[PDB]
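Chemist: Sending over a structure as structure tokens; questions will come in a sec.
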Amino acid sequence: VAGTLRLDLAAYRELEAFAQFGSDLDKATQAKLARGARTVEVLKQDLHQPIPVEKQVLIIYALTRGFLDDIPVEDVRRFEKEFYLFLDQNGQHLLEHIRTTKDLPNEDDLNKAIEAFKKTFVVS
Amino acid sequence: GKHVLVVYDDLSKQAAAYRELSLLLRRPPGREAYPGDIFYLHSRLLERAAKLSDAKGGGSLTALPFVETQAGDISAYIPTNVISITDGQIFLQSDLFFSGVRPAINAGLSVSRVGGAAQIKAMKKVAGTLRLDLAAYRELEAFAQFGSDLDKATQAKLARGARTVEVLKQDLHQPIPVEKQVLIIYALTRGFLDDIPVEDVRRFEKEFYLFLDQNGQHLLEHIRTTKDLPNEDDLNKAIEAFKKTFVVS
Amino acid sequence: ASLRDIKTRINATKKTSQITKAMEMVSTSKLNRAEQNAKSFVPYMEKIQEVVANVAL
Amino acid sequence: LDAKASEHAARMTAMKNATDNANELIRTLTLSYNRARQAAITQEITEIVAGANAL
Amino acid sequence: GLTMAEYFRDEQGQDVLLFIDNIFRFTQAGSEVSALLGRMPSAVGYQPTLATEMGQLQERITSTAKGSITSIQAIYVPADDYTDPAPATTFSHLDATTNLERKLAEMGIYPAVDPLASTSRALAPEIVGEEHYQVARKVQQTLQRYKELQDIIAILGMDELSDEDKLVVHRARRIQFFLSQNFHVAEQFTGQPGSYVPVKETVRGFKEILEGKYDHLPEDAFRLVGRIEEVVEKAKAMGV
Amino acid sequence: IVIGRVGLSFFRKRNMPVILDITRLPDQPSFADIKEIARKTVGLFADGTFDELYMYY
């Protein structure tokens, strides 16, 4: 997932001048800016709050696969925190699979978990 | 118990001579080959100007050191050292000099740390409005030359600011008495110069000085005797009387 | 000049360059769309020109 | 319609000319900056060595 | 002076206010005597023992179990160059830092404290409170965002901007002017007596400004006011 | 008759009379954008107020 994250951040670091210009609809650059803003919001972290790698992988997967697109930028950190709280409650099998095999879990099961959490999440 | 004024015409030349003699005495060099105590030299020189207490006789000594810069680089070693010592500085700029502003005091950068305490009542009263009127005009155009649009109040800021620049101009070897200075600055800051054109402000000032010399002697006497402003109404009427007979062109 | 002054000038010029590049990239697309609008206008102008040239005489 | 097309084309051309001028100015200023940096380093090291060997 | 203060710190267990004037002069004199003492020069003409002397002086000004010494020190920055060795070395010893800017000074804003460069390790949610932390961070973010818009405005004018950054700049000007204050010792300079503002009212006023309760007030009414009622009083006195 | 703010400001800086004007327009105007101004311009010739019309662009 790191390669896709790097590409998404590199696309957004340029075109920063285009924030004000072309505020109207555009087919490509609007999506790049929207993805980059959420990537920047995801990469933020609080002081003395280390995160396990099995949760880092899952949140980066959720960001890169497009599950954060329909969520406002202001709600991204709350979404991440509530997703972490949801993970150790329900996706214990996914977390254990990641911890034991050092590999991504099954794609369909991960997708089902993500939409199941998104149904519960409340957009503000 | 007397009062003295002392002018040091180039402390940069003094520092260069000190560096020369120090290098000839084989003392190790510092920054730009200057000796280590180059700051101490000027601090020792300039700390001897003071205003003595009443117990010491009440005498005073005033110092006006000069420093010459290279292409306006006030960040150099000697200019920085001297700036850090004195109680203020006056910046003269070639850009202002060639644009017609003579003398070329840069009002945005010139500062006096003894401000107000070194002025009479009338000067303190009028310079407060003068400073704001100049600062607003300068900061209006500092951001941009024109801007997207200008208000009628902004046009007024730009007209009276230009008139202040016209008033502050002066020629060589013609000092003006403090009472005439306060009277002309009053006439400006109270809005009597709005109708007078920018190209006629200076001639207005000269003929105004002549008018006060001929007729407004009592106001000058009151100012020079009480150090405070005369009656508002009498001064307003005198300014209006002069403006009645002044000829626009 | 001094190093700090030159560095500040470089930074300001770089910001100006980026702003102008963005404006140019926007204007190119706007011109491309205006050309299509002008193309779309053509047939109505043609028909009205023909009908006027006929009737007005 | 011609007026709008001309306006957009004129904006495009003026902006690209401005960008080219800015790039040329950046190049020249960078050259000046490098020269000043080299001169500063040389002067500093020369002064340090002179002070060191003056002892 | 430090020796006089340490007696009150240790032998009596008092709380001592140690006001030290320009630290830079101590280092400057140390460098002045260095060449005659026979020592080799350093990078910018300073003495080789700059950091050692600085630390030996500064480490004695500390709070212990017997008592606490709090020290406020003015530090000269030569020619506004913050990379100078003496100010650069002084940073390691400080808990809170206040930076003064000539740009703010010339614009007419006093105390001219830089709102972004100034730092303090006491600005934490568990130290000052979550509301205070939120207000401070929001003010800093608003000012930083406004600083960015100035580059665009200087070329394209204000009209080209949208209607949310319009509000951003319109409130950032108010915040920047409200950060000013009239001092008691500035009365000799301005003729206006100073004011004392408690931190609770400071936070309340800044939060209200951020929420837009006084958005209709004129911009110039916020200069040198103090409390949040005083800007309303000034606006009343000068029209709105 | 002026279209756009720049020409309006240029003429108002001098002392030339302006009868009608429109300032803010879409970058891609549609058929009904300047219908009123065009109709009024035609009407000013219709009621004999004008002798002839010249357009510059």
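Every chain in the structure tokens takes a letter, A first, then B, and so on in the order presented; its residues are numbered from 1, and the ligands are numbered from 1 following the presented order.
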Please return, as a PyMOL selection string, all residues of chain D lying within 10 Å of chain C when only C-alpha atoms are considered.
Modeler: chain D and resi 1-23+25-30+32-37+40
Chemist: DSSP on the backbone, helix (DSSP H, G or I) only: what residues of chain F does that give? Format it as a PDB file with N, CA, C and O atoms, in the first residue's frame.
Modeler:
```pdb
ATOM      1  N   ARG F   5     -15.607  46.079 -17.316  1.00  0.00           N
ATOM      2  CA  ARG F   5     -15.278  47.112 -16.341  1.00  0.00           C
ATOM      3  C   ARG F   5     -14.126  47.990 -16.816  1.00  0.00           C
ATOM      4  O   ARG F   5     -14.068  49.180 -16.483  1.00  0.00           O
ATOM      5  N   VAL F   6     -13.195  47.419 -17.581  1.00  0.00           N
ATOM      6  CA  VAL F   6     -11.983  48.147 -17.951  1.00  0.00           C
ATOM      7  C   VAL F   6     -12.318  49.329 -18.852  1.00  0.00           C
ATOM      8  O   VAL F   6     -11.850  50.451 -18.627  1.00  0.00           O
ATOM      9  N   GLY F   7     -13.129  49.097 -19.885  1.00  0.00           N
ATOM     10  CA  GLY F   7     -13.512  50.190 -20.765  1.00  0.00           C
ATOM     11  C   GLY F   7     -14.357  51.233 -20.061  1.00  0.00           C
ATOM     12  O   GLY F   7     -14.228  52.433 -20.321  1.00  0.00           O
ATOM     13  N   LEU F   8     -15.232  50.789 -19.157  1.00  0.00           N
ATOM     14  CA  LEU F   8     -16.033  51.723 -18.375  1.00  0.00           C
ATOM     15  C   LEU F   8     -15.142  52.639 -17.548  1.00  0.00           C
ATOM     16  O   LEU F   8     -15.337  53.860 -17.524  1.00  0.00           O
ATOM     17  N   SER F   9     -14.145  52.064 -16.871  1.00  0.00           N
ATOM     18  CA  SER F   9     -13.219  52.873 -16.088  1.00  0.00           C
ATOM     19  C   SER F   9     -12.401  53.797 -16.981  1.00  0.00           C
ATOM     20  O   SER F   9     -12.153  54.954 -16.625  1.00  0.00           O
ATOM     21  N   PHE F  10     -11.978  53.304 -18.147  1.00  0.00           N
ATOM     22  CA  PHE F  10     -11.201  54.128 -19.067  1.00  0.00           C
ATOM     23  C   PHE F  10     -11.991  55.353 -19.505  1.00  0.00           C
ATOM     24  O   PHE F  10     -11.465  56.471 -19.530  1.00  0.00           O
ATOM     25  N   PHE F  11     -13.263  55.161 -19.859  1.00  0.00           N
ATOM     26  CA  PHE F  11     -14.065  56.290 -20.315  1.00  0.00           C
ATOM     27  C   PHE F  11     -14.462  57.211 -19.168  1.00  0.00           C
ATOM     28  O   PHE F  11     -14.540  58.430 -19.359  1.00  0.00           O
ATOM     29  N   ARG F  12     -14.712  56.665 -17.976  1.00  0.00           N
ATOM     30  CA  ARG F  12     -15.080  57.508 -16.846  1.00  0.00           C
ATOM     31  C   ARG F  12     -13.896  58.274 -16.272  1.00  0.00           C
ATOM     32  O   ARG F  12     -14.101  59.304 -15.622  1.00  0.00           O
ATOM     33  N   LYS F  13     -12.668  57.796 -16.489  1.00  0.00           N
ATOM     34  CA  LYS F  13     -11.501  58.597 -16.140  1.00  0.00           C
ATOM     35  C   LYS F  13     -11.440  59.862 -16.981  1.00  0.00           C
ATOM     36  O   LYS F  13     -11.067  60.927 -16.477  1.00  0.00           O
ATOM     37  N   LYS F  35     -29.269  39.681 -23.501  1.00  0.00           N
ATOM     38  CA  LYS F  35     -30.463  39.941 -24.297  1.00  0.00           C
ATOM     39  C   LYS F  35     -31.012  41.339 -24.036  1.00  0.00           C
ATOM     40  O   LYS F  35     -31.373  42.057 -24.976  1.00  0.00           O
ATOM     41  N   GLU F  36     -31.067  41.746 -22.766  1.00  0.00           N
ATOM     42  CA  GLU F  36     -31.631  43.049 -22.426  1.00  0.00           C
ATOM     43  C   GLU F  36     -30.791  44.185 -22.997  1.00  0.00           C
ATOM     44  O   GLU F  36     -31.327  45.147 -23.556  1.00  0.00           O
ATOM     45  N   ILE F  37     -29.466  44.092 -22.859  1.00  0.00           N
ATOM     46  CA  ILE F  37     -28.594  45.155 -23.351  1.00  0.00           C
ATOM     47  C   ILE F  37     -28.674  45.255 -24.867  1.00  0.00           C
ATOM     48  O   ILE F  37     -28.727  46.355 -25.428  1.00  0.00           O
ATOM     49  N   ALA F  38     -28.684  44.112 -25.555  1.00  0.00           N
ATOM     50  CA  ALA F  38     -28.790  44.124 -27.011  1.00  0.00           C
ATOM     51  C   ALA F  38     -30.123  44.712 -27.462  1.00  0.00           C
ATOM     52  O   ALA F  38     -30.174  45.524 -28.396  1.00  0.00           O
ATOM     53  N   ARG F  39     -31.215  44.318 -26.801  1.00  0.00           N
ATOM     54  CA  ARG F  39     -32.522  44.857 -27.154  1.00  0.00           C
ATOM     55  C   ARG F  39     -32.574  46.361 -26.925  1.00  0.00           C
ATOM     56  O   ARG F  39     -33.125  47.100 -27.747  1.00  0.00           O
ATOM     57  N   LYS F  40     -32.007  46.832 -25.813  1.00  0.00           N
ATOM     58  CA  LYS F  40     -31.981  48.265 -25.545  1.00  0.00           C
ATOM     59  C   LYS F  40     -31.131  49.006 -26.569  1.00  0.00           C
ATOM     60  O   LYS F  40     -31.477  50.117 -26.985  1.00  0.00           O
ATOM     61  N   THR F  41     -30.007  48.414 -26.976  1.00  0.00           N
ATOM     62  CA  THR F  41     -29.162  49.046 -27.984  1.00  0.00           C
ATOM     63  C   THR F  41     -29.905  49.180 -29.306  1.00  0.00           C
ATOM     64  O   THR F  41     -29.802  50.205 -29.989  1.00  0.00           O
ATOM     65  N   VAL F  42     -30.663  48.148 -29.683  1.00  0.00           N
ATOM     66  CA  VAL F  42     -31.475  48.242 -30.895  1.00  0.00           C
ATOM     67  C   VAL F  42     -32.578  49.282 -30.723  1.00  0.00           C
ATOM     68  O   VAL F  42     -32.887  50.041 -31.649  1.00  0.00           O
ATOM     69  N   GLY F  43     -33.186  49.337 -29.538  1.00  0.00           N
ATOM     70  CA  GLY F  43     -34.261  50.290 -29.310  1.00  0.00           C
ATOM     71  C   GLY F  43     -33.793  51.732 -29.359  1.00  0.00           C
ATOM     72  O   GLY F  43     -34.539  52.624 -29.772  1.00  0.00           O
ATOM     73  N   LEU F  44     -32.559  51.984 -28.917  1.00  0.00           N
ATOM     74  CA  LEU F  44     -32.015  53.338 -28.978  1.00  0.00           C
ATOM     75  C   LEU F  44     -31.888  53.826 -30.416  1.00  0.00           C
ATOM     76  O   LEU F  44     -31.997  55.029 -30.675  1.00  0.00           O
ATOM     77  N   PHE F  45     -31.641  52.915 -31.359  1.00  0.00           N
ATOM     78  CA  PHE F  45     -31.719  53.275 -32.771  1.00  0.00           C
ATOM     79  C   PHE F  45     -33.166  53.334 -33.240  1.00  0.00           C
ATOM     80  O   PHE F  45     -33.506  54.125 -34.128  1.00  0.00           O
ATOM     81  N   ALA F  46     -34.027  52.495 -32.663  1.00  0.00           N
ATOM     82  CA  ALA F  46     -35.422  52.442 -33.087  1.00  0.00           C
ATOM     83  C   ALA F  46     -36.158  53.746 -32.809  1.00  0.00           C
ATOM     84  O   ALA F  46     -36.930  54.210 -33.655  1.00  0.00           O
TER      85      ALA F  46
END
```
Chemist: Tell me which of B:5, B:238, B:150, B:185 sits closest to residue B:128, counting only C-alpha atoms.
Modeler: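 Using only C-alpha atoms, the shortest distance to residue B:128 belongs to B:185.
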Chemist: What's around residue A:10 at 12 Å? Count only C-alpha atoms, leave out sequence neighbours fewer than 4 positions away in its own chain, and write the answer as a PyMOL selection string.
Modeler: chain A and resi 3-6+14-16+32-33+35-37+39-40
Chemist: Would you list which chain B residues are within 8 Å of chain E using only C-alpha atoms, as a tab-separated table (two decimals) with C-alpha atoms, in the first residue's frame?
Modeler:
```tsv
chain	number	residue	atom	x	y	z
B	28	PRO	CA	45.27	39.76	16.32
B	30	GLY	CA	38.78	39.96	14.24
B	31	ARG	CA	35.87	40.26	11.85
B	36	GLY	CA	37.88	42.90	19.16
B	37	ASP	CA	37.13	46.07	21.15
B	75	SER	CA	23.53	45.50	8.24
B	80	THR	CA	25.13	47.75	13.49
B	108	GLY	CA	9.24	54.73	8.43
B	109	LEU	CA	12.64	53.78	9.85
B	115	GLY	CA	9.87	61.01	22.08
B	116	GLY	CA	7.49	63.61	23.44
B	117	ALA	CA	9.62	64.19	26.53
B	139	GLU	CA	0.94	52.14	4.67
B	143	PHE	CA	0.83	47.04	0.21
B	144	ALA	CA	0.01	48.01	-3.38
B	147	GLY	CA	-5.38	48.20	-5.34
B	148	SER	CA	-8.63	46.90	-6.81
```
Chemist: Just the residues within 10 Å of stretch 96-105 of chain A, please, counting only C-alpha atoms, with nothing from its chain fewer than 2 positions along; format it as a ChimeraX atom specification.
Modeler: /A:1,52-55,57-58,61,91-94,107-110
Chemist: Can you spit out the residues from that selection as a CSV table (one decimal), in the first residue's frame, using N, CA and C atoms?
Modeler:
```
chain,number,residue,atom,x,y,z
A,1,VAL,N,0.8,-1.2,0.0
A,1,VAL,CA,0.0,0.0,0.0
A,1,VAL,C,0.9,1.3,0.0
A,52,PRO,N,0.0,0.5,16.2
A,52,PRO,CA,0.5,-0.7,15.7
A,52,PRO,C,0.5,-0.8,14.1
A,53,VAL,N,1.4,-1.6,13.6
A,53,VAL,CA,1.6,-1.6,12.1
A,53,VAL,C,0.4,-2.3,11.5
A,54,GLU,N,-0.3,-3.3,12.2
A,54,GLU,CA,-1.4,-3.9,11.7
A,54,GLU,C,-2.6,-3.0,11.5
A,55,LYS,N,-2.6,-1.9,12.3
A,55,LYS,CA,-3.7,-0.9,12.2
A,55,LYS,C,-3.3,0.2,11.1
A,57,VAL,N,-1.5,-0.4,8.5
A,57,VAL,CA,-1.8,-1.0,7.2
A,57,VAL,C,-3.2,-0.9,6.8
A,58,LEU,N,-4.1,-1.2,7.7
A,58,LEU,CA,-5.5,-1.2,7.5
A,58,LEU,C,-6.0,0.2,7.1
A,61,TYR,N,-4.8,1.2,3.7
A,61,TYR,CA,-5.6,0.4,2.7
A,61,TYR,C,-6.9,1.1,2.5
A,91,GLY,N,-12.7,-6.9,14.0
A,91,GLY,CA,-11.8,-7.4,13.1
A,91,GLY,C,-10.6,-8.1,13.7
A,92,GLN,N,-10.8,-8.7,14.8
A,92,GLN,CA,-9.7,-9.4,15.5
A,92,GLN,C,-9.1,-10.5,14.6
A,93,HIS,N,-9.9,-11.2,13.9
A,93,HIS,CA,-9.3,-12.2,13.0
A,93,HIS,C,-8.4,-11.5,11.9
A,94,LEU,N,-8.8,-10.4,11.3
A,94,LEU,CA,-8.0,-9.7,10.4
A,94,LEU,C,-6.7,-9.3,11.0
A,107,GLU,N,-9.3,-9.9,0.6
A,107,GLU,CA,-9.8,-8.6,0.1
A,107,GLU,C,-11.3,-8.5,0.4
A,108,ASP,N,-12.0,-9.5,0.1
A,108,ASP,CA,-13.5,-9.4,0.3
A,108,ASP,C,-13.9,-9.2,1.7
A,109,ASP,N,-13.2,-10.0,2.6
A,109,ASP,CA,-13.5,-9.8,4.1
A,109,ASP,C,-13.2,-8.5,4.6
A,110,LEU,N,-12.0,-7.9,4.1
A,110,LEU,CA,-11.6,-6.6,4.5
A,110,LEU,C,-12.6,-5.6,4.0
```
Chemist: DSSP on the backbone, strand (DSSP E) only: what residues of chain F does that give? Format it as a list in words.
Modeler: residues 2, 3, 21 and 22 of chain F
Chemist: Would you save the residues from that selection as a short mmCIF file (atom, residue, chain, number, x, y, z; two decimals), in the first residue's frame, using C-alpha atoms?
Modeler:
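After the write, result_10.cif holds the following:
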```cif
data_model
loop_
_atom_site.label_atom_id
_atom_site.label_comp_id
_atom_site.auth_asym_id
_atom_site.auth_seq_id
_atom_site.Cartn_x
_atom_site.Cartn_y
_atom_site.Cartn_z
CA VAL F 2 -19.38 49.70 -22.94
CA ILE F 3 -19.14 46.01 -22.03
CA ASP F 21 -23.15 49.16 -19.60
CA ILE F 22 -22.89 45.59 -18.34
#
```
Chemist: Residues of chain F within 12 Å of chain D, using only C-alpha atoms, as a PDB file with N, CA, C and O atoms, in the first residue's frame?
Modeler:
```pdb
ATOM      1  N   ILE F   3     -19.012  47.324 -22.650  1.00  0.00           N
ATOM      2  CA  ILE F   3     -19.137  46.011 -22.032  1.00  0.00           C
ATOM      3  C   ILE F   3     -17.821  45.702 -21.335  1.00  0.00           C
ATOM      4  O   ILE F   3     -16.759  45.719 -21.968  1.00  0.00           O
ATOM      5  N   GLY F   4     -17.889  45.426 -20.044  1.00  0.00           N
ATOM      6  CA  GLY F   4     -16.669  45.195 -19.286  1.00  0.00           C
ATOM      7  C   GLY F   4     -16.297  46.379 -18.417  1.00  0.00           C
ATOM      8  O   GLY F   4     -16.606  47.533 -18.711  1.00  0.00           O
ATOM      9  N   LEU F  25     -19.965  39.020 -16.380  1.00  0.00           N
ATOM     10  CA  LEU F  25     -20.556  38.080 -17.318  1.00  0.00           C
ATOM     11  C   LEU F  25     -19.904  36.723 -17.117  1.00  0.00           C
ATOM     12  O   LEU F  25     -18.780  36.639 -16.609  1.00  0.00           O
ATOM     13  N   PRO F  26     -20.583  35.640 -17.496  1.00  0.00           N
ATOM     14  CA  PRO F  26     -19.935  34.326 -17.468  1.00  0.00           C
ATOM     15  C   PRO F  26     -18.829  34.244 -18.507  1.00  0.00           C
ATOM     16  O   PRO F  26     -18.854  34.930 -19.530  1.00  0.00           O
ATOM     17  N   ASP F  27     -17.841  33.390 -18.230  1.00  0.00           N
ATOM     18  CA  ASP F  27     -16.771  33.172 -19.196  1.00  0.00           C
ATOM     19  C   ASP F  27     -17.288  32.508 -20.465  1.00  0.00           C
ATOM     20  O   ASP F  27     -16.638  32.581 -21.513  1.00  0.00           O
ATOM     21  N   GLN F  28     -18.446  31.858 -20.389  1.00  0.00           N
ATOM     22  CA  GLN F  28     -19.084  31.237 -21.542  1.00  0.00           C
ATOM     23  C   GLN F  28     -20.548  31.653 -21.590  1.00  0.00           C
ATOM     24  O   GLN F  28     -21.427  30.880 -21.187  1.00  0.00           O
ATOM     25  N   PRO F  29     -20.849  32.859 -22.065  1.00  0.00           N
ATOM     26  CA  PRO F  29     -22.226  33.358 -21.993  1.00  0.00           C
ATOM     27  C   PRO F  29     -23.186  32.541 -22.843  1.00  0.00           C
ATOM     28  O   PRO F  29     -22.826  31.997 -23.890  1.00  0.00           O
ATOM     29  N   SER F  30     -24.427  32.460 -22.371  1.00  0.00           N
ATOM     30  CA  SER F  30     -25.505  31.794 -23.083  1.00  0.00           C
ATOM     31  C   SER F  30     -26.405  32.831 -23.745  1.00  0.00           C
ATOM     32  O   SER F  30     -26.232  34.040 -23.576  1.00  0.00           O
ATOM     33  N   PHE F  31     -27.373  32.334 -24.522  1.00  0.00           N
ATOM     34  CA  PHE F  31     -28.132  33.195 -25.426  1.00  0.00           C
ATOM     35  C   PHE F  31     -28.837  34.331 -24.692  1.00  0.00           C
ATOM     36  O   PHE F  31     -29.017  35.414 -25.258  1.00  0.00           O
ATOM     37  N   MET F  55     -19.349  49.268 -33.813  1.00  0.00           N
ATOM     38  CA  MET F  55     -18.919  48.357 -32.765  1.00  0.00           C
ATOM     39  C   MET F  55     -17.442  48.025 -32.934  1.00  0.00           C
ATOM     40  O   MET F  55     -16.960  47.829 -34.054  1.00  0.00           O
ATOM     41  N   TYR F  56     -16.728  47.980 -31.812  1.00  0.00           N
ATOM     42  CA  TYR F  56     -15.294  47.731 -31.795  1.00  0.00           C
ATOM     43  C   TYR F  56     -15.010  46.572 -30.855  1.00  0.00           C
ATOM     44  O   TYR F  56     -15.571  46.510 -29.756  1.00  0.00           O
ATOM     45  N   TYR F  57     -14.140  45.662 -31.282  1.00  0.00           N
ATOM     46  CA  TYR F  57     -13.811  44.487 -30.488  1.00  0.00           C
ATOM     47  C   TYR F  57     -12.544  43.860 -31.049  1.00  0.00           C
ATOM     48  O   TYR F  57     -12.032  44.273 -32.091  1.00  0.00           O
TER      49      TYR F  57
END
```
Chemist: Give me, as a short mmCIF file (atom, residue, chain, number, x, y, z; two decimals) with N, CA and C atoms, in the first residue's frame, all polymer residues having an atom no more than 6 Å from residue B:120, counting only C-alpha atoms and skipping those fewer than 2 positions away in the same chain.
Modeler:
```cif
data_model
loop_
_atom_site.label_atom_id
_atom_site.label_comp_id
_atom_site.auth_asym_id
_atom_site.auth_seq_id
_atom_site.Cartn_x
_atom_site.Cartn_y
_atom_site.Cartn_z
N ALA B 122 2.71 72.37 22.34
CA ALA B 122 2.07 72.53 21.04
C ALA B 122 2.60 71.52 20.03
N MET B 123 3.93 71.33 20.01
CA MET B 123 4.52 70.35 19.11
C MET B 123 4.04 68.95 19.44
N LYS B 227 4.46 78.01 25.66
CA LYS B 227 4.81 76.71 25.08
C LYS B 227 3.59 75.88 24.70
#
```
Chemist: Quick one: residues within 9 Å of stretch 89-94 of chain B, only C-alpha atoms, excluding same-chain residues fewer than 6 positions away - as a list in words?
Modeler: residues 72, 83, 103, 104, 105, 106, 107, 109, 110, 111 and 112 of chain B
Chemist: Restricted to C-alpha atoms, what would the selected residues look like written as a short mmCIF file (atom, residue, chain, number, x, y, z; two decimals), in the first residue's frame?
Modeler:
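What ended up in out_14.cif:
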```cif
data_model
loop_
_atom_site.label_atom_id
_atom_site.label_comp_id
_atom_site.auth_asym_id
_atom_site.auth_seq_id
_atom_site.Cartn_x
_atom_site.Cartn_y
_atom_site.Cartn_z
CA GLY B 72 22.42 51.36 1.94
CA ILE B 83 22.94 51.64 15.94
CA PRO B 103 15.82 66.42 3.35
CA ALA B 104 15.60 62.67 2.80
CA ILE B 105 14.61 61.44 6.27
CA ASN B 106 12.99 58.01 5.99
CA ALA B 107 10.07 58.44 8.39
CA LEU B 109 12.64 53.78 9.85
CA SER B 110 13.81 56.88 11.73
CA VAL B 111 13.05 56.63 15.45
CA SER B 112 13.70 58.67 18.59
#
```
Chemist: Which value, in Å to one decimal, gives the distance between atom CA of residue E:170 and atom CA of residue A:20?
Modeler: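 We find that atom CA of residue E:170 and atom CA of residue A:20 lie 17.2 Å from each other.
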